[PDB]
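A.B. asks: After the structure tokens below, expect a handful of questions from me.
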Amino acid sequence: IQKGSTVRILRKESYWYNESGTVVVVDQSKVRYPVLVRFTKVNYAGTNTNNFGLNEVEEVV
Amino acid sequence: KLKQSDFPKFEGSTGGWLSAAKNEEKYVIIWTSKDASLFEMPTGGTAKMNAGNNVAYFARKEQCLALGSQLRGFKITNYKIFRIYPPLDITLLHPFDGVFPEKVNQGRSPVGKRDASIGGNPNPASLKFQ
Amino acid sequence: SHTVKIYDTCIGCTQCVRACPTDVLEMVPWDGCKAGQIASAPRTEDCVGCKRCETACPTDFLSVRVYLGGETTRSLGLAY
Amino acid sequence: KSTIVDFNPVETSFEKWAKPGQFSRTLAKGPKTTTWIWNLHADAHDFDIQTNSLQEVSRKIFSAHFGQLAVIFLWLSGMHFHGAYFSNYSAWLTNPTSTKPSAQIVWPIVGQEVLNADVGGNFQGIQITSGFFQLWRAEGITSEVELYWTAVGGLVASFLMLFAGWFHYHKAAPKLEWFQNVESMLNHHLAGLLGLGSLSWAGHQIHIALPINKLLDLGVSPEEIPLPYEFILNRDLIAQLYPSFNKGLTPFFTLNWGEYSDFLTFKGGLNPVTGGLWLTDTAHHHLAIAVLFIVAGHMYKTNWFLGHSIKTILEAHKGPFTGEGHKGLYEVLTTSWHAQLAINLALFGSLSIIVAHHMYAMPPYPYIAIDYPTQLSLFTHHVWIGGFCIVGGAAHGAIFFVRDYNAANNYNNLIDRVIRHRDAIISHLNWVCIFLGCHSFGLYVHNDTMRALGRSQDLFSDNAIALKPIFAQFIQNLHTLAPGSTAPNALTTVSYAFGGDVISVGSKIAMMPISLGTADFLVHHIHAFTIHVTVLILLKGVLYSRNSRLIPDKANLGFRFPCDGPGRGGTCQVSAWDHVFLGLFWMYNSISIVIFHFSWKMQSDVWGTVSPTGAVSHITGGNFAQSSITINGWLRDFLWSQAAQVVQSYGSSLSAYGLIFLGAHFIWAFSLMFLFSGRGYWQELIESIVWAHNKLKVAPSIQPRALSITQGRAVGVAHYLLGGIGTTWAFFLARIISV
Amino acid sequence: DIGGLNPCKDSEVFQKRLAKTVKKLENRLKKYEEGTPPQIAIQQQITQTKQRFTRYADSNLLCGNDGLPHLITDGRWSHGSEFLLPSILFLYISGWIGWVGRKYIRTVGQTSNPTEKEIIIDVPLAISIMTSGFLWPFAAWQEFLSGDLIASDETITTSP
Amino acid sequence: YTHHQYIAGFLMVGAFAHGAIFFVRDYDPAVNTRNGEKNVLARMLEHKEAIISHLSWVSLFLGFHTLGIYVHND
Amino acid sequence: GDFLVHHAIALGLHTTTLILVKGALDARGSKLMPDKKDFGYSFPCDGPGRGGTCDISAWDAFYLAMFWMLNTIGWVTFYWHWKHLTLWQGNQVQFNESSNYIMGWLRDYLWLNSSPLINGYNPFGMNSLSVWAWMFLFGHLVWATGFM
Ligand code: CLA
Ligand code: CLA
Ligand code: CLA
Ligand code: CLA
Ligand code: CLA
Ligand SMILES: CC1=C(/C=C/C(C)=C/C=C/C(C)=C/C=C/C=C(C)/C=C/C=C(C)/C=C/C2=C(C)CCCC2(C)C)C(C)(C)CCC1
Ligand SMILES: CC1=C(/C=C/C(C)=C/C=C/C(C)=C/C=C/C=C(C)/C=C/C=C(C)/C=C/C2=C(C)CCCC2(C)C)C(C)(C)CCC1
Ligand SMILES: CC1=C(C/C=C(\C)CCC[C@H](C)CCC[C@H](C)CCCC(C)C)C(=O)c2ccccc2C1=O
Ligand code: SF4
Ligand code: SF4
């Protein structure tokens, strides 16, 4: 995955679970949740972006 | 007029502390101000600061912290909050290590940190009768 | 007293600490995020349960969680 | 480049009409959830958060006032047009005591033509309870052409006010200094508006209403009555009815005002022909009011070295108990629109309630006292408007405290000292509310349980333990003795309610001494208790709007917020808005009890018919004295008994009242869904509904969200008020029109 | 007949209801004068009442013991104009409404600002879609066949 | 009749409340799942949205039309 | 009338079932609270955050469904009692005609049959039904205190 890639959220406790988002940036450092994904639908708190782990996102073909 | 010279020029309100802050605990906030600014008490109405040492007593930590948050609007930062038990048992509370909690300071250890997200919490049925 | 837990989804944006009305949360060094900081809850005895901390949390399902528990004159917000 | 106005401040364009939410910084970005739609209407008139300049807020308020006055003028024009075209006003003029006023006909669709009632005068339509016919008769309007011309003038005036609002927002908007000339504004509103309006109305009454109504009462038909302009061009048509116009204005300018006693009388009582106040008394009243208000308008210093400065008056009113006194109040009321709105709305609602009382107490229109539906509707409507306006004044006082209150500018003044001892005020008001409720209501419950136990001598009744309202009876005696003793130039008491003779017009009672017994004692103390509890809720909201022992920084959360959280044991409804919500509920309770007391007492002990020998028979038969002292009595002899007409209205011309009765019950019960439930359940149900929509690929882009907590409360209270007030509306109207 | 009911053309209580309503209307008519609009309105009411009762009598309508038309909605085509035909009419109209709404949602859902086009309707596109709903039964059973009517697993689910 | 019907409603609400309590504090997904596949009870939480949506549809259908016919008669 | 009231009963049953089933299935979590199982069966809320979380617990679903159960049982018992009052009095035509519209219920069941009850004690005397009128008023008072 990279910037601009489309991924499916696999985190169950997510307002965008099973949904598709756009990767903003994948951090190359040793952070726990490097993948930053932007969504079109705001969550219940109003935010439309979140940091996800490498195993919590699945790239769409 | 007032018991201590460092008290803010407050006329007293029926919203201050009660019998609880005489036998359980009371909170005191101290700060130094450059100007005798007029500020709003967390309990009642308007009080006047002293151009120097200021000391105020409250019944709750939240009241002292609300006053301190108001003080930040006056560019006052050196305010410090203490807890006083029924006798003179003073304990510094808010600037615990001298640095505000919003700024990272070395020497602090994480308390209540779980090395997983919310989804990793154990199922309640496995937490029965413990 | 209520229970406050911090989860590694913390991004160290400090919005929880500067929203706590009773000085329960603080920022401590960490190496799990870009900011290098994580929230901590070392003074939960002053936790009142107002949940302002998790109203300011930007992470997806929160990184600070408040579990209401036993009540105390401090946690009940009793000035009397 | 005028010194009072700014020229062409805002361009007249339709571009912002196509950008909803442009006024708000947060809503301008566009909707993302359905909460945006509701926030759009909740912030439309909150001009304080739309601009950071008091000048812009003042200009918006000024133009909004113009729009509101245009709407009011359009409404009045519609009323006059309906009177001119869809009314039996001409037939009602010739038979006021036997024709029911109707000014709205119903189209014949889906069988709804049954609503066209037999109002009399060869007319079919809905009976009108707004009293426009009596008002028009008091104005001297004897033809429907005059109603048409008044409607045309109302339309022209409405367009003029619309143009004025547009002009003063887009072409010449006044500056802040112009708005802050409270001395000049008070001078003008007191002299020009009030005094000159009273003077102009006195002139109209004297020259048009006095002769035309005197001819009408003499039996002259409206067709042979001269046109109103002929009473001005010919000093002989009015000098025959009032033989004092023959002297012209010479007695006025020679201070010989005694000559004008023909048409400027001081009689009191009611006109025996029409049952209303003597229109000569009304004209004299308006003249005196005009002179008093014009004099009162020369008080405040505006542009010369003459008059008062409100700042100097307030700052001089200090005291040992009040510290700095009224210092800073002038700055509060000249820099905060919310404080002015609070004062004006509270006094305006109180004035509306006073108007409601004085209306039925002293009927001011011809043949309006014998139109019981009109009297009941006018009283209930004005009391409801007064209660709503009072709650609004409390709400805007709380809003001022949250938003526009400056602690520094109010050091040790009255506002500061009130906040400093808010605990004492609220605790003593709590004790008073408990005392009054315990006593009034528990005396009611004691009466109920004594009656249920077969102990009739243990009640708080007249034939039992008696609580005579001696203070009110003393006042009643003082008023009935006033003519000739304390008002030596009066011929009759101000109102026959205080005592005197039974005034009947066409065998129908217009006014009659309202006896006060133990039943009135209990209901009056119920009124006092309900008013005190409403004041308690609203004052607790205003005083604790900024901080408390629970939330020391409640002002930082704003005026309108749902809570601070489940902590502190639970901090629901701590706002100040949530106090205007509970106060709205309690105002509904208080006003409902007030209007119930009025309806039952009038029907049972004032209204009715008078036999030719002088025997008085009332609508219900005097059951108020003995059966209004128990809750079972109120349930049975008032609610159950007088609800018979509403439930038996199906198939008749009053069936619409039964339908509205049922619909208002439905709406009131609907409110309880929002009042009792919470947002989380509805959000989680919307989650599954959204799942279904996504499964069918029909999920809207604007994400559907459950109504916010504050909006849920607002919807609940609005539906509750609508349902309850509509139920009482249908009940009252059907009952008082049937009988 | 069906359910013990009888045709309204032979129901005495039905004619009694008609006679009572007409008598009440005529008694109301008596208290007005000449050819005045109130009398014209009451006469129109009488005429409409008579026409409605006559039409209900000659309508294959079954009346109970109260002289009111009862609806036979078990499904039989004999009384098919009471429920079945209005049912088909409503199903057509409501399917039209739902189809045009869904088509508009899916059409503006692929533009730059989908949320803007929901508070500010694209009236040209809205008119284009709305008049295309007359084929909603055919369009629905041409999109379901192609799998374009139902989502499969991109739909979101809660934690449990 | 009134007593027994009220007791019936109370008992039904209690049954559903205790089912909810079982879900909260006694339900174990691991026991009701074998190699990824879910048993008859665990599958009720998979189409829970379908169940709730169709209950909502039936409730809205019945309420809309019963109230419509009643108000039409009114 | 039986048809319409049976459909009302079906609506009440379905709505009570909807509330209870939604609370049971959503007890372990939802989108607004994907960790609701960690807070137990009965908790006040999750705070004003995320738009507001009033009555989000499973206990609150029971609490809301109690009103609907009371309403459904009220409809059932109203139907039964009115049908049997008309059957016993003999005026079964009163139910068959007036039970098809709401005002028929309000006027001929409640308003009509409440006359003996409210006259259990009047300013003139009392009957053995006086205790029932007192209980009537007592129930109204407790109902409105619940409204409080
Ligand atoms: C004798 C002069 C006079 C008169 C009659 C009025 C009358 C009024 N003013 Mg006003 N005002 C005046 C002087 C005057 N003002 C001055 C000198 C100032 C500056 C301090 C203001 C500042 C002011 C503000 C800021 C506001 C008012 C408002 C109002 C209205 C109150 C609403 C009401 O009672 O409805 C009664 C309504 C009527 C009786 C309808 C007929 C009234 C018409 C419009 C005559 C208005 C007179 C007007 C001043 C003449 C100017 C004409 C123009 C070509 C120059 C009322 C129309 C309020 C309002 O509603 O805004 C529109 C409001 O917000 N006034
Ligand atoms: C002169 C009268 C007056 C004026 C100028 C204002 C002005 C204001 N009020 Mg206010 N208020 C008033 C009277 C008034 N109020 C009264 C009498 C009450 C007591 C009920 C209140 C209670 C009140 C509260 C509790 C709040 C305000 C707020 C506000 C501000 C924003 C209003 C807004 O955007 O609403 C836009 C308009 C609407 C949303 C319209 C809503 C529709 C209403 C609720 C239903 C009306 C139904 C109608 C009768 C028809 C029903 C018939 C049915 C058959 C269909 C604004 C400064 C709010 C604020 O934030 O202030 C800063 C706020 O929180 N007011
Ligand atoms: C019928 C229902 C009902 C009743 C009885 C009350 C009663 C009361 N409300 Mg209210 N309230 C109601 C509905 C009701 N409310 C609703 C629906 C709402 C929603 C908006 C509110 C919202 C509300 C607010 C927001 C406030 C109140 C307040 C009050 C209190 C006013 C003080 C008073 O009179 O106390 C006296 C008590 C009574 C009159 C109740 C009856 C007591 C009897 C007659 C006498 C004593 C009986 C005796 C002790 C029995 C002993 C025997 C027993 C042990 C077996 C009072 C307790 C105010 C408050 O806190 O008090 C100051 C207040 O601020 N209420
Ligand atoms: C117009 C598009 C549309 C479509 C195709 C559907 C389709 C559906 N809805 Mg639905 N709904 C819509 C709009 C729509 N809805 C709107 C606008 C609302 C808000 C009031 C709802 C609220 C809603 C609820 C609360 C529920 C459904 C349910 C359902 C499902 C069962 C059918 C039902 O109960 O109808 C429900 C229909 C209504 C309650 C009335 C809808 C209001 C109007 C008629 C629709 C709007 C028309 C729109 C403005 C047209 C504009 C298009 C034009 C610009 C081209 C089905 C998937 C149920 C479900 O999940 O069952 C599986 C369910 O519980 N919907
Ligand atoms: C045989 C049946 C049965 C059994 C064994 C239980 C057992 C249990 N239930 Mg349960 N429940 C039942 C039926 C049953 N319930 C029914 C029928 C309902 C629907 C109404 C419920 C609704 C329910 C809920 C919502 C909850 C429980 C809970 C519980 C658990 C704790 C109970 C507790 O703390 O009591 C506490 C007892 C009380 C608070 C006493 C309440 C007394 C009420 C108010 C009536 C008293 C007023 C009385 C009529 C006075 C008359 C007034 C006069 C003027 C006429 C326990 C395992 C709780 C739990 O945590 O489960 C794990 C829980 O949250 N149940
Ligand atoms: C009903 C109505 C209307 C109408 C109204 C009107 C018509 C009014 C009028 C009004 C008027 C018509 C007024 C007038 C006024 C006047 C005046 C107010 C005057 C005054 C004067 C004076 C004050 C003088 C004084 C003097 C001098 C200065 C010198 C010499 C001496 C003397 C003393 C004489 C409209 C349509 C709008 C709307 C609806 C309602
Ligand atoms: C018609 C007929 C018949 C049949 C009948 C039948 C077949 C019936 C059935 C019935 C049924 C079939 C019923 C059922 C019901 C059910 C119910 C009523 C249920 C409920 C449920 C619940 C309550 C649940 C709970 C829970 C949950 C929530 C989850 C967890 C677990 C539990 C389980 C706890 C016969 C042939 C015999 C004869 C006659 C005719
Ligand atoms: C039902 C309900 C909802 C859901 C309600 C919603 C989503 C409102 C939906 C309104 C629709 C979409 C528009 C209005 C449709 C009406 C037919 C229009 C009004 C009728 C006119 C005559 C005015 C809440 O969000 C809520 C929040 C807090 C406490 C209680 C409740 C609550 O009870
Ligand atoms: S509740 Fe949330 S906000 Fe209030 S103190 Fe405990 S943590 Fe800080
Ligand atoms: S949600 Fe309802 S309950 Fe939970 S905190 Fe906000 S207000 Fe109090």
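Residue numbers (PDB author numbering), protein chains in the order written: chain A, 2 to 62; chain B, 4 to 133; chain C, 2 to 81; chain D, 6 to 744; chain E, 25 to 184; chain F, 370 to 443; chain G, 517 to 664.
For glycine and all other residues, C-beta sits at the position ideal for the given N, C-alpha and C.
Looking at the secondary structure, which residues open and close the beta strand (DSSP E) in which D:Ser509 lies?
C.D. replies: As a position in the fourth sequence, residue 509 of chain D is number 504, starting the count at 1. Counting along the chain, the beta strand (DSSP E) containing D:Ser509 begins and ends at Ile508 to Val510.
A.B. asks: Cβ closer than 9 Å: which chain A residues qualify as neighbours of B:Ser120?
C.D. replies: The residue given as residue 120 of chain B occupies position 117 in the second sequence. Simply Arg12, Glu14, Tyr34, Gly54 and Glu57.
A.B. asks: Name the chain B residues that come within less than 8 Å of G:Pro550, Cβ to Cβ?
C.D. replies: Walking along the seventh sequence from the start, residue 550 of chain G turns up at place 34. Going along chain B in sequence order, the residues near G:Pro550 (Cβ under 8 Å) are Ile121 and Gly122.
A.B. asks: Relative to the alpha-carbon of D:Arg408, which residue among D:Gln27, D:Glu329, D:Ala344 and D:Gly145 has its alpha-carbon at the smallest distance?
C.D. replies: Looking up residue 408 of chain D in the fourth sequence gives position 403. Closest option to D:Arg408, Cα to Cα, is D:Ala344.
A.B. asks: Between residue 509 of chain G and chain C, is any beta-carbon pair separated by less than 8 Å?
C.D. replies: Past the edges of chain G, shown from 517 to 664, lies residue 509 of chain G, and the structure says nothing about it.
A.B. asks: For F:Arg394, go through chain B and note every residue whose CB falls closer than 8 Å to its CB, in chain order.
C.D. replies: Translated into the one-based positions of the sixth sequence, residue 394 of chain F becomes position 25. The answer, in chain order, is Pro127, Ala128 and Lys131.
A.B. asks: Could you work out which residues of chain A lie near D:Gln708, taking near to mean beta carbons separated by less than 8 Å?
C.D. replies: Looking up residue 708 of chain D in the fourth sequence gives position 703. Those within 8 Å of D:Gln708 in chain A are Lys42 and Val43.
A.B. asks: Where do the N-terminal and C-terminal ends of the alpha helix (DSSP H) with C:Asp47 fall, by residue?
C.D. replies: Your numbering for residue 47 of chain C matches position 46 in the third sequence. Note, C:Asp47: premise wrong, no alpha helix (DSSP H); not H, not E.
A.B. asks: Buried or exposed for D:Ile420, please, with buried defined as at least 16 other CB atoms from any protein chain shown within 10 angstroms of its CB.
C.D. replies: Translated into positions along the fourth sequence, residue 420 of chain D becomes position 415. Buried is the call here.
A.B. asks: What does DSSP give as the partner residues of E:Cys87 in its beta bridges?
C.D. replies: On the fifth sequence, residue 87 of chain E is found 63 positions in, with the first residue counted as 1. Paired residue(s): E:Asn30 and E:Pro93.
A.B. asks: G:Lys547 versus chain D: which residues are under 7 Å apart at the beta carbon?
C.D. replies: As a first step, residue 547 of chain G is located in the seventh sequence; it is residue number 31 there, counting from the start. Within chain D, the residues near G:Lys547 are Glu692.
A.B. asks: Please list the terminal residues of the continuous alpha helix (DSSP H) segment that includes E:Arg41.
C.D. replies: On the fifth sequence, position 17 is the one that residue 41 of chain E refers to. Where E:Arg41 is concerned, the enclosing alpha helix (DSSP H) stretches over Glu36 to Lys54.
A.B. asks: By a C-beta neighbour count over all protein chains shown, 10 Å radius and 16 as the cutoff for buried, is D:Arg460 buried or exposed?
C.D. replies: Numbered from its first residue, the fourth sequence carries residue 460 of chain D at position 455. By the neighbour-count rule (16 or more Cβ atoms within 10 Å), D:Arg460 is not buried but exposed.
A.B. asks: Using a Cβ-Cβ cut-off of 8 Å (strictly less than) and excluding sequence neighbours within five positions of D:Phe675, which residues of its own chain qualify?
C.D. replies: As a first step, residue 675 of chain D is located in the fourth sequence; it is residue number 670 there, counting from the start. Correct list, in chain order: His724 and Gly728.
A.B. asks: When the Cβ atoms of the segment 535–546 of chain G are set against those of the segment 643–658 of chain D, are three or more pairs found closer than 8 Å?
C.D. replies: No, because fewer than three Cβ pairs between the segment 535–546 of chain G and the segment 643–658 of chain D fall closer than 8 Å, the two stretches do not touch.
A.B. asks: Bridge partners of B:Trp34, per DSSP?
C.D. replies: Sequence index remark: in the second sequence, residue 34 of chain B carries index 31 (1-based). B:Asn57.
A.B. asks: Listing by chain order, which chain A residues have their CB less than 7 Å from the CB of D:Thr38?
C.D. replies: What you label residue 38 of chain D is simply residue 33 of the fourth sequence in a count that begins at 1. Simply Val43.
A.B. asks: Compute the distance between the beta-carbons of F:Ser428 and G:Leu541, then report whether it is under 8 Å.
C.D. replies: As a position in the sixth sequence, residue 428 of chain F is number 59, starting the count at 1. As a position in the seventh sequence, residue 541 of chain G is number 25, starting the count at 1. Contact: no.
A.B. asks: Could you check where the alpha helix (DSSP H) with D:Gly613 kicks off and where it finishes?
C.D. replies: Translated into the one-based positions of the fourth sequence, residue 613 of chain D becomes position 608. No alpha helix (DSSP H) holds D:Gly613; the beta strand (DSSP E) holding it covers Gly613 to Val615.
A.B. asks: What separation, rounded to the nearest whole angstrom, lies between the Cα atoms of G:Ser615 and G:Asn629?
C.D. replies: As a first step, residue 615 of chain G must be located in the seventh sequence, where it is residue number 99. As a first step, residue 629 of chain G must be located in the seventh sequence, where it is residue number 113. G:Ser615 and G:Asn629: Cα-Cα distance of roughly 15 Å.
A.B. asks: From what residue to what residue does the beta strand (DSSP E) around A:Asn52 run?
C.D. replies: On the first sequence, position 51 is the one that residue 52 of chain A refers to. It spans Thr50 to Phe53 - the beta strand (DSSP E) in which A:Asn52 sits, taken as one unbroken run.
A.B. asks: For the segment 373–386 of chain D and the segment 129–138 of chain D, state whether three or more C-beta atom pairs, one from each stretch, are separated by less than 8 Å.
C.D. replies: With the cut-off at 8 Å, the segment 373–386 of chain D and the segment 129–138 of chain D touch.
A.B. asks: Please indicate yes or no: does the CB of C:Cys48 lie closer than 7 Å to some heavy atom of ligand 10?
C.D. replies: For the purposes of this step, residue 48 of chain C is identified with residue 47 of the third sequence, where counting begins at 1. Not under cutoff, so the answer is no.
A.B. asks: What first and last residue would you give for the alpha helix (DSSP H) that runs through B:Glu43?
C.D. replies: Position 40 of the second sequence, counted from the start, is the residue given in the question as residue 43 of chain B. Taken as a continuous stretch (DSSP letters only), B:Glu43 belongs to no alpha helix (DSSP H), being part of the beta strand (DSSP E) at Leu41 to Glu43.
A.B. asks: Tell me whether the beta-carbon of G:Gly636 lies closer than 8 Å to the beta-carbon of G:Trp648.
C.D. replies: Here the question's residue 636 of chain G lines up with position 120 in the seventh sequence. Here the question's residue 648 of chain G lines up with position 132 in the seventh sequence. Yes; because the gap between Cβ atoms is below 8 Å, this pair is in contact.
A.B. asks: Taking Cβ to Cβ, would you say D:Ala89 is nearer than 8 Å to D:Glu149?
C.D. replies: Residue 89 of chain D sits at position 84 when you count from the first residue of the fourth sequence. Residue 149 of chain D sits at position 144 when you count from the first residue of the fourth sequence. Yes. Within cutoff.
A.B. asks: Under a CB-based cut-off of 8 Å, is G:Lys553 close to chain B?
C.D. replies: Taking the seventh sequence and counting its residues from 1, one reaches residue 553 of chain G at position 37. Yes, its Cβ sits closer than 8 Å to a Cβ of chain B.
A.B. asks: Of the residues D:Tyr593, D:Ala560, D:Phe406 and D:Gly663, which one's Cα is nearest the Cα of D:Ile390?
C.D. replies: Counting from one through the fourth sequence, the residue named residue 390 of chain D turns up at place 385. Answer by Cα proximity: D:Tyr593.
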